[PDB]
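What's in work.txt: compact mmCIF, C-alpha atoms and all ligand atoms
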```txt
# COMPACT_ATOMS: atom_id res chain seq x y z
CA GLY A 1 47.58 119.80 89.04
CA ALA A 2 48.37 123.55 89.04
CA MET A 3 48.09 125.30 85.59
CA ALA A 4 51.78 126.42 85.76
CA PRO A 5 53.31 124.64 88.78
CA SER A 6 55.46 127.21 90.75
CA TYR A 7 57.67 127.59 93.86
CA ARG A 8 57.12 130.64 96.12
CA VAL A 9 58.36 131.65 99.59
CA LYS A 10 56.46 133.56 102.29
CA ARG A 11 57.72 134.79 105.70
CA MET A 12 54.71 134.17 107.97
CA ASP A 13 53.01 131.57 110.21
CA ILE A 14 52.30 128.36 108.18
CA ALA A 15 49.06 128.08 110.26
CA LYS A 16 47.75 131.07 108.14
CA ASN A 17 48.63 129.37 104.79
CA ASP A 18 46.42 129.81 101.63
CA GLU A 19 47.21 126.30 100.24
CA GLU A 20 45.08 123.09 99.93
CA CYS A 21 47.18 121.19 102.52
CA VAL A 22 50.01 121.69 105.03
CA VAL A 23 53.22 119.85 105.92
CA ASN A 24 53.92 119.75 109.68
CA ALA A 25 57.59 119.56 110.75
CA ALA A 26 56.55 116.73 113.15
CA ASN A 27 58.24 114.72 115.85
CA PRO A 28 58.12 110.91 115.57
CA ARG A 29 55.72 110.49 118.53
CA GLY A 30 52.89 112.73 117.31
CA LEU A 31 53.38 115.21 120.21
CA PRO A 32 52.44 118.91 120.04
CA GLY A 33 56.17 119.83 120.18
CA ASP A 34 57.51 123.40 119.53
CA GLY A 35 57.84 125.97 116.67
CA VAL A 36 56.00 124.98 113.40
CA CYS A 37 54.68 121.83 115.23
CA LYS A 38 53.18 124.06 118.06
CA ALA A 39 51.33 126.41 115.63
CA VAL A 40 50.11 123.38 113.66
CA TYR A 41 48.76 121.70 116.87
CA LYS A 42 46.81 124.89 117.85
CA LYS A 43 45.29 125.24 114.34
CA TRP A 44 44.57 121.53 113.49
CA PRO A 45 44.66 119.59 116.80
CA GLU A 46 42.32 116.86 115.41
CA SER A 47 45.14 115.96 112.92
CA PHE A 48 47.33 114.66 115.79
CA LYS A 49 45.10 111.53 116.27
CA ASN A 50 47.47 108.56 115.56
CA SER A 51 50.01 110.88 113.80
CA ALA A 52 53.16 109.14 115.20
CA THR A 53 55.46 107.91 112.39
CA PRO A 54 59.19 107.08 112.08
CA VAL A 55 62.04 109.43 111.08
CA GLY A 56 62.30 109.75 107.28
CA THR A 57 58.49 109.18 106.77
CA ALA A 58 55.31 111.21 106.32
CA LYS A 59 51.85 110.32 107.62
CA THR A 60 48.71 112.25 106.55
CA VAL A 61 45.83 112.86 109.01
CA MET A 62 42.69 114.79 107.94
CA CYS A 63 41.36 117.76 109.98
CA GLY A 64 37.86 117.80 108.53
CA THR A 65 38.65 117.66 104.78
CA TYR A 66 41.97 119.61 105.20
CA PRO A 67 45.03 117.30 104.95
CA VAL A 68 47.92 117.63 107.47
CA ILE A 69 51.03 115.75 106.26
CA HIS A 70 53.19 115.00 109.33
CA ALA A 71 56.78 114.79 107.97
CA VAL A 72 59.50 113.66 110.40
CA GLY A 73 62.96 115.08 109.61
CA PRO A 74 66.00 113.75 111.57
CA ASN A 75 67.31 115.55 114.68
CA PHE A 76 71.01 116.16 113.71
CA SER A 77 71.83 116.16 117.48
CA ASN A 78 71.34 112.31 117.26
CA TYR A 79 72.12 111.37 113.64
CA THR A 80 75.56 111.44 112.00
CA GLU A 81 75.80 114.07 109.18
CA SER A 82 75.70 111.13 106.70
CA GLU A 83 72.66 109.24 108.14
CA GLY A 84 70.79 112.50 108.91
CA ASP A 85 71.30 113.67 105.29
CA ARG A 86 69.77 110.32 104.03
CA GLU A 87 66.75 110.58 106.40
CA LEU A 88 66.12 114.27 105.52
CA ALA A 89 66.09 113.37 101.77
CA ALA A 90 63.74 110.40 102.53
CA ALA A 91 61.24 112.55 104.55
CA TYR A 92 60.81 114.94 101.59
CA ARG A 93 60.43 112.00 99.12
CA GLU A 94 57.50 110.72 101.36
CA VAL A 95 55.96 114.26 101.33
CA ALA A 96 55.98 114.20 97.47
CA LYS A 97 54.18 110.78 97.50
CA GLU A 98 51.48 112.09 99.92
CA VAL A 99 50.96 115.38 98.02
CA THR A 100 50.55 113.28 94.81
CA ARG A 101 48.15 110.74 96.43
CA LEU A 102 45.90 113.54 97.87
CA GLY A 103 45.48 115.18 94.41
CA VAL A 104 45.91 118.70 95.89
CA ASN A 105 46.84 121.59 93.58
CA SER A 106 48.96 123.39 96.29
CA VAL A 107 50.94 122.61 99.50
CA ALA A 108 52.42 124.76 102.32
CA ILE A 109 55.83 123.36 103.44
CA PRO A 110 58.45 124.33 106.03
CA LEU A 111 62.22 123.59 105.76
CA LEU A 112 62.55 120.26 107.68
CA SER A 113 65.42 119.85 110.20
CA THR A 114 66.33 123.66 110.19
CA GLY A 115 65.22 124.73 113.72
CA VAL A 116 65.50 122.66 116.95
CA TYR A 117 66.45 119.57 114.81
CA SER A 118 69.43 121.43 113.13
CA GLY A 119 72.11 120.23 115.61
CA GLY A 120 73.07 123.97 115.80
CA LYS A 121 74.06 124.25 112.08
CA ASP A 122 72.63 126.39 109.24
CA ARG A 123 70.88 123.78 106.99
CA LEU A 124 68.92 126.21 104.67
CA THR A 125 70.68 125.00 101.45
CA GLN A 126 70.78 121.27 102.49
CA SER A 127 67.06 121.19 103.43
CA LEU A 128 65.86 123.31 100.46
CA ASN A 129 67.83 121.19 97.91
CA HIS A 130 66.24 117.98 99.29
CA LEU A 131 62.80 119.72 99.09
CA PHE A 132 63.49 120.51 95.38
CA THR A 133 64.75 116.95 94.57
CA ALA A 134 61.43 115.50 95.90
CA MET A 135 58.94 118.16 94.77
CA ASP A 136 60.32 118.98 91.26
CA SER A 137 58.44 115.97 89.71
CA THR A 138 55.10 117.00 91.40
CA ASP A 139 52.66 119.49 89.82
CA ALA A 140 51.37 121.13 93.04
CA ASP A 141 52.11 124.84 93.60
CA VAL A 142 54.65 124.73 96.48
CA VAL A 143 54.71 127.61 99.01
CA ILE A 144 57.70 127.46 101.39
CA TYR A 145 57.15 129.13 104.81
CA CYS A 146 59.97 130.66 106.91
CA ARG A 147 60.24 133.20 109.81
CA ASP A 148 63.70 134.90 109.31
CA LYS A 149 64.14 137.94 106.93
CA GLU A 150 67.62 136.72 105.75
CA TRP A 151 66.29 133.15 105.09
CA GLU A 152 63.39 134.59 103.04
CA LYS A 153 65.95 136.44 100.82
CA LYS A 154 68.18 133.32 100.30
CA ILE A 155 65.17 131.00 99.61
CA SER A 156 63.79 133.52 97.05
CA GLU A 157 67.26 133.83 95.40
CA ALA A 158 67.58 130.00 95.18
CA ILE A 159 64.08 129.72 93.52
CA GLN A 160 64.82 132.54 90.98
CA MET A 161 68.32 131.08 90.14
CA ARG A 162 66.48 128.06 88.56
CA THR A 163 64.04 130.35 86.55
CL CL B 1 52.46 135.69 110.65
CL CL B 2 63.28 121.57 113.05
CL CL B 3 63.31 130.60 109.13
```

I'd like the structure from this file rewritten - as C-alpha cells, please.
Amino acid sequence: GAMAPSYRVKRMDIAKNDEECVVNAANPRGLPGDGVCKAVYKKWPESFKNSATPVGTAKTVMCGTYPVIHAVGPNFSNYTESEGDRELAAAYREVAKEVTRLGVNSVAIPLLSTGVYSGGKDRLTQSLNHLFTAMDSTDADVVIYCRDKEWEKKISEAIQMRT
C-alpha cells in the first residue's frame, strides 16, 4: 500500500510512466491496436502473449517482472449507452481486483472508452467517475494519463473537488 494513497494526472505517454504497473486500454483480441494500445505494444510487446480477454474484463500479463493489466472497455459504436455504461464500470472493477492481487503500490491508468471506443462522444466524466468508483477502495497511488491540455485541466479539477 502507498503511505498516503493519492490520485494524480499527467499529460504524457503512459509508456514513460513512473508507476509499478500499467493498465493498457486493450482490444478484446490482444492485438497491437492504436493510440494507448500502440504505445503499450512498442514498450511491452512480450505482454501481448495470450492477452485476449472479453469486454468488461482485465487480464494481467507480465513483461519481465513488470505487470501489464489489459483492460477491455466497450466500443460505444457497438454497445447501447446503457450496456456500454455497465461494461465500462465492470472493466474498471476488474482493474481494481488485479491491482489489489499484484500488491503494487502504484498504477498508471488511461481513461477507458474515451478515444476510438467513444462512439464520437466526450466521455471524460463518465469514464473518470467509473475509475473512481473502482479505485477508491484500493490503496495504490493512481496516476491517470491523458494527451489533451483541456482534459488534463478537467481531470485535475475533478480530483481536487474531492480533496
Ligand atoms: Cl510524452
Ligand atoms: Cl478508447
Ligand atoms: Cl486525452

> For ligand CL 1 (chain B), which of A:97, A:70, A:11, A:59 is the closest residue, counting only C-alpha atoms and all ligand atoms?
Replying inline: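 Closest to ligand CL 1 (chain B) of all the choices is A:11.
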
> Just how far from atom CA of residue 156 of chain A is atom CA of residue 27 of chain A, in Å to one decimal?
Replying inline: 27.2 Å

>> Given all atoms listed in the file as the basis, pick out the residue of A:138, A:24, A:105, A:113 nearest to ligand CL 2 (chain B).
In response: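 Checking each candidate against ligand CL 2 (chain B), we get A:113 as the closest.
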
> Counting all atoms listed in the file, which of A:116, A:95, A:108, A:88 gets nearest to residue 129 of chain A?
Replying inline: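 Looking at the shortest contact to residue 129 of chain A, the residue is A:88.
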
Counting only C-alpha atoms and all ligand atoms, give me one row per residue of chain A with an atom at most 10 Å from an atom of ligand CL 2 (chain B), showing the shortest contact pair and its distance in Å to one decimal, sorted by chain then residue number, as a Markdown table.
```
| residue | atom | partner | partner_atom | distance |
| --- | --- | --- | --- | --- |
| A:25 | CA | B:CL2 | CL | 6.5 |
| A:26 | CA | B:CL2 | CL | 8.3 |
| A:27 | CA | B:CL2 | CL | 9.0 |
| A:34 | CA | B:CL2 | CL | 8.9 |
| A:35 | CA | B:CL2 | CL | 7.9 |
| A:36 | CA | B:CL2 | CL | 8.0 |
| A:37 | CA | B:CL2 | CL | 8.9 |
| A:72 | CA | B:CL2 | CL | 9.2 |
| A:73 | CA | B:CL2 | CL | 7.4 |
| A:74 | CA | B:CL2 | CL | 8.4 |
| A:75 | CA | B:CL2 | CL | 7.4 |
| A:76 | CA | B:CL2 | CL | 9.5 |
| A:110 | CA | B:CL2 | CL | 9.0 |
| A:111 | CA | B:CL2 | CL | 7.6 |
| A:112 | CA | B:CL2 | CL | 5.6 |
| A:113 | CA | B:CL2 | CL | 4.0 |
| A:114 | CA | B:CL2 | CL | 4.7 |
| A:115 | CA | B:CL2 | CL | 3.8 |
| A:116 | CA | B:CL2 | CL | 4.6 |
| A:117 | CA | B:CL2 | CL | 4.1 |
| A:118 | CA | B:CL2 | CL | 6.2 |
| A:119 | CA | B:CL2 | CL | 9.3 |
| A:123 | CA | B:CL2 | CL | 10.0 |
```

> Please, which residues have at least one atom within 6 Å of an atom of ligand CL 3 (chain B), using only C-alpha atoms and all ligand atoms, listed as a ChimeraX atom specification?
Replying inline: /A:146-148,151

>> Can you tell me which residues surround segment 140-144 of chain A at a distance of at most 6 Å, considering only C-alpha atoms, apart from same-chain residues fewer than 2 positions away, and format the answer as JSON, numbers by chain?
In response: {"A": [1, 2, 5, 6, 7, 8, 9, 105, 106, 107, 108, 109, 110, 138]}

> Hey, can you check how far atom CA of residue 51 of chain A sits from atom CA of residue 29 of chain A?
Replying inline: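 It comes out at 7.4 Å.
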
Taking a cut-off of 8 Å and counting all atoms listed in the file, can you build a table that, for each residue of chain A near ligand CL 1 (chain B), reports the nearest atom pair and how far apart they are in Å (one decimal), sorted by chain then residue number, as JSON lines?
```
{"residue": "A:11", "atom": "CA", "partner": "B:CL1", "partner_atom": "CL", "distance": 7.3}
{"residue": "A:12", "atom": "CA", "partner": "B:CL1", "partner_atom": "CL", "distance": 3.8}
{"residue": "A:13", "atom": "CA", "partner": "B:CL1", "partner_atom": "CL", "distance": 4.2}
{"residue": "A:14", "atom": "CA", "partner": "B:CL1", "partner_atom": "CL", "distance": 7.7}
{"residue": "A:16", "atom": "CA", "partner": "B:CL1", "partner_atom": "CL", "distance": 7.1}
```

> With only C-alpha atoms as the atoms that count, which of A:62, A:91, A:22, A:55 lies nearest to residue 79 of chain A?
Replying inline: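 Nearest candidate to residue 79 of chain A out of A:62, A:91, A:22, A:55: A:55.
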
>> Can you measure atom CA of residue 155 of chain A to atom CA of residue 126 of chain A for me? One decimal in Å is fine.
In response: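 Between atom CA of residue 155 of chain A and atom CA of residue 126 of chain A the gap works out to 11.6 Å.
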
> Which residue, A:47, A:58, A:125, A:64, has the smallest gap to residue 85 of chain A when you use all atoms listed in the file?
Replying inline: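 Under the stated criterion, the closest residue is A:125.
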
>> Using only C-alpha atoms for the distances, tell me which of A:33, A:28, A:120, A:45 is nearest to residue 66 of chain A.
In response: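 Checking each candidate against residue 66 of chain A, we get A:45 as the closest.
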
Put a box with edges along x, y and z around all the listed atoms of segment 75-89 of chain A, pad it by 3 Å on each side, then give me its centre and sizes in Å, one decimal, as JSON.
```
{"center_x": 70.9, "center_y": 112.7, "center_z": 109.6, "size_x": 15.7, "size_y": 12.9, "size_z": 21.7}
```

Please return segment 12-33 of chain A, rebuilt to N, CA and C atoms, as a tab-separated table (two decimals), in the frame of the given file.
```
chain	number	residue	atom	x	y	z
A	12	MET	N	55.94	134.06	107.18
A	12	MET	CA	54.71	134.17	107.97
A	12	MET	C	54.43	132.80	108.59
A	13	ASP	N	53.46	132.78	109.49
A	13	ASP	CA	53.01	131.57	110.21
A	13	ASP	C	52.33	130.63	109.22
A	14	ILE	N	52.85	129.41	109.09
A	14	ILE	CA	52.30	128.36	108.18
A	14	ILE	C	50.87	128.01	108.58
A	15	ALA	N	50.47	128.24	109.84
A	15	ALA	CA	49.06	128.08	110.26
A	15	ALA	C	48.06	129.03	109.57
A	16	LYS	N	48.56	130.08	108.90
A	16	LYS	CA	47.75	131.07	108.14
A	16	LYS	C	47.92	130.83	106.64
A	17	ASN	N	48.39	129.64	106.23
A	17	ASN	CA	48.63	129.37	104.79
A	17	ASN	C	47.33	129.47	103.96
A	18	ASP	N	47.49	129.72	102.65
A	18	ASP	CA	46.42	129.81	101.63
A	18	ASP	C	46.53	128.63	100.65
A	19	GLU	N	47.01	127.47	101.13
A	19	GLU	CA	47.21	126.30	100.24
A	19	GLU	C	46.19	125.21	100.59
A	20	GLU	N	46.11	124.16	99.78
A	20	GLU	CA	45.08	123.09	99.93
A	20	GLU	C	45.50	122.03	100.96
A	21	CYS	N	46.73	122.07	101.44
A	21	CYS	CA	47.18	121.19	102.52
A	21	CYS	C	48.46	121.75	103.12
A	22	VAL	N	48.83	121.23	104.27
A	22	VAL	CA	50.01	121.69	105.03
A	22	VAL	C	50.90	120.53	105.39
A	23	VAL	N	52.20	120.78	105.39
A	23	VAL	CA	53.22	119.85	105.92
A	23	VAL	C	53.64	120.33	107.30
A	24	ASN	N	53.45	119.49	108.32
A	24	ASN	CA	53.92	119.75	109.68
A	24	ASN	C	55.35	119.23	109.81
A	25	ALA	N	56.24	120.02	110.37
A	25	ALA	CA	57.59	119.56	110.75
A	25	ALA	C	57.43	118.79	112.08
A	26	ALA	N	57.06	117.53	112.01
A	26	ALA	CA	56.55	116.73	113.15
A	26	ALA	C	57.69	116.10	113.93
A	27	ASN	N	57.36	115.70	115.17
A	27	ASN	CA	58.24	114.72	115.85
A	27	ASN	C	57.70	113.32	115.64
A	28	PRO	N	58.53	112.29	115.86
A	28	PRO	CA	58.12	110.91	115.57
A	28	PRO	C	56.96	110.38	116.43
A	29	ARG	N	56.69	111.03	117.55
A	29	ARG	CA	55.72	110.49	118.53
A	29	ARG	C	54.36	111.14	118.41
A	30	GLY	N	54.18	112.06	117.46
A	30	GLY	CA	52.89	112.73	117.31
A	30	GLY	C	52.59	113.68	118.43
A	31	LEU	N	53.60	114.25	119.10
A	31	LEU	CA	53.38	115.21	120.21
A	31	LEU	C	53.26	116.62	119.71
A	32	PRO	N	52.55	117.51	120.44
A	32	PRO	CA	52.44	118.91	120.04
A	32	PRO	C	53.76	119.63	119.79
A	33	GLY	N	54.81	119.34	120.55
A	33	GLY	CA	56.17	119.83	120.18
A	33	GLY	C	56.33	121.33	120.36
```
